[PDB]
Amino acid sequence: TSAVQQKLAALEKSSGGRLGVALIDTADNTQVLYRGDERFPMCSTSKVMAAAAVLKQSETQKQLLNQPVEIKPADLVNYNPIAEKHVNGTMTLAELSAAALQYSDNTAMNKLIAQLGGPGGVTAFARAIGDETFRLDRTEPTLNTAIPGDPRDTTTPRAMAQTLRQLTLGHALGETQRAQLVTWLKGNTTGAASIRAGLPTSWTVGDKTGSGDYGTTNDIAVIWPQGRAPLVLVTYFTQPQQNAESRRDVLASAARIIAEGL
Ligand SMILES: *C(=O)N1C[C@H](NOS(=O)(=O)O)CC[C@H]1C(N)=O
């Protein structure tokens with residue numbers, strides 16, 4: 001173990017839960033892993049992959065992101081801050097992608113999932129961009145049950161970091177779609193208490209948070225530190241009891257520990 005890993009272990013031990021971290025430094029492609037090959041429930045962080053999959057579809061349909069998608073009252077689930085304003089109306093796939101990523105709208109996420117033919121279509125996109133680990137099995141809201149030992153709707157920190165890098169910094173998407181994904185992630189509204197809180201204020205972050213049962217507290221981020229090449233950082237966290245409170249400070253602490261290395 002490295003010093004960063006021993007610090008992450010100490011944070012995890014005092015946290016009362018299970019922490020997973022994966023950093024990729026694209027300055028030199030090095031990786032820091034803590035429980036990097038253990039599965040964690042993704043919860044809302046799976047939305048990135050659904051949005052990227054729709055962006056990928058849009059590479060061969062110029063007008064796909066402008067296509068209207070009907071929002072019915074029955075479509076509303078547990079957290080719909082944008083979709084509820086369009087009930088009995090429509091949202092475009094661009095609007096749904098932005099709502100899913102920036103406001104973590106679960107109705108928008110379900111519309112993205114349906115646009116891909118269900119959770120298996122998101123998993124298939126993951127496979128098509130080289131992610132052998134990601135699996136999406138359910139829609140919102142049950143994909144957030146986050147039951148320990150349940151492999152459904154999970155990934156590992158390493159695989160998620162690798163995928164987020166390919167999507168945001170690599171060529172898993174076309175150039176325009178990559179820029180759109182990064183623009184969406186950087187305009188996230190929900191991230192300031194998570195990885196963002198553990199990094200120097202001068203660094204630009206685009207991220208996607210998630211949370212679920214068992215106190216599951218997740219964040220996945222692409223980071224532009226001042227004067228250095230970007231990083232990819234994945235912090236997953238989950239706890240032993242179903243009603244545990246969210247612990248975004250633990251993600252911030254892990255990010256702060258990561259930041260002290262590179
Ligand atoms: C995603 O994990 N979810 C949607 C909603 N927003 O996520 S955030 O809090 O990480 O921004 C929170 C609840 C969760 C869900 N159970 O749908």
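Evaluated at q = 0.12 Å⁻¹, the base-10 log of the normalised Debye intensity for the stretch 82-155, with identical point scatterers placed on the Cα atoms, takes the values -0.35.
Radius of gyration (Cα atoms) of the chain, expressed as a multiple of 2.2 N^0.38 Å: 0.94. Between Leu262 and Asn88, full extension at 0.36 nm per residue minus the direct alpha carbon distance yields a gain of 57.7 nm. The value for the stretch 173-262 of Rg(Cα) / (2.2 N^0.38 Å) is 1.13. How far apart, in nm, are the 7 Å Cα→Cβ label points at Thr176 and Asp249? Inter-label distance under the simple model: 4.6 nm. Measuring against 21 Å, Cα to Cα, the residue pairs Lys62/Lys111; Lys56/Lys111; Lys62/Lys85; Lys85/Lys111; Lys7/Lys47 contain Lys62/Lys85; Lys7/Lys47 as the ones spanning a longer distance. Full extension of the chain between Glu132 and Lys72 gives 18.1 nm of extra length, using 0.36 nm per residue less the Cα-Cα distance. The slack in the chain from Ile147 to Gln242, taken as 0.36 nm per residue of separation less the alpha-carbon distance, amounts to 33.4 nm.
Look at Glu38, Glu59, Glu95 and count the other Cβ atoms within 10 Å of each Cβ; fewest to most, that gives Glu59, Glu38, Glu95.
Dividing the summed -39500 (n - 2.57) terms of all DSSP H runs of n ≥ 4 by the residue count of the chain sets its mean residue ellipticity at 222 nm at -11000 deg cm²/dmol.
By the Stokes-Einstein formula, at 0.890 mPa s and 25 °C, the stretch 115-189 with its Kirkwood radius over alpha-carbon pairs has D equal to 182 µm²/s.
Would you please classify the overall shape of the stretch 63-118 from the alpha carbon gyration tensor, given that a ≥ b ≥ c denote the square roots of the eigenvalues, rounded means a/c under 1.5, and beyond that prolate means a/b larger than b/c while oblate covers the rest?
Rounded shape, in that the Cα axes give a/c under 1.5.
Converting the Cα gyration tensor eigenvalues of the stretch 1-55 into ellipsoid dimensions via √(5λ) gives semi-axes, longest first, of 25, 17, 7 Å. Rg ratio for the stretch 1-114: its Cα radius of gyration over 2.2 N^0.38 Å, N being its residue count, equals 1.41.
Computed from the coordinates by the stated procedures, all read-outs in this text should not be read as laboratory data. Neighbour counts run over all protein chains shown; Cβ positions are idealised from the backbone, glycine included.
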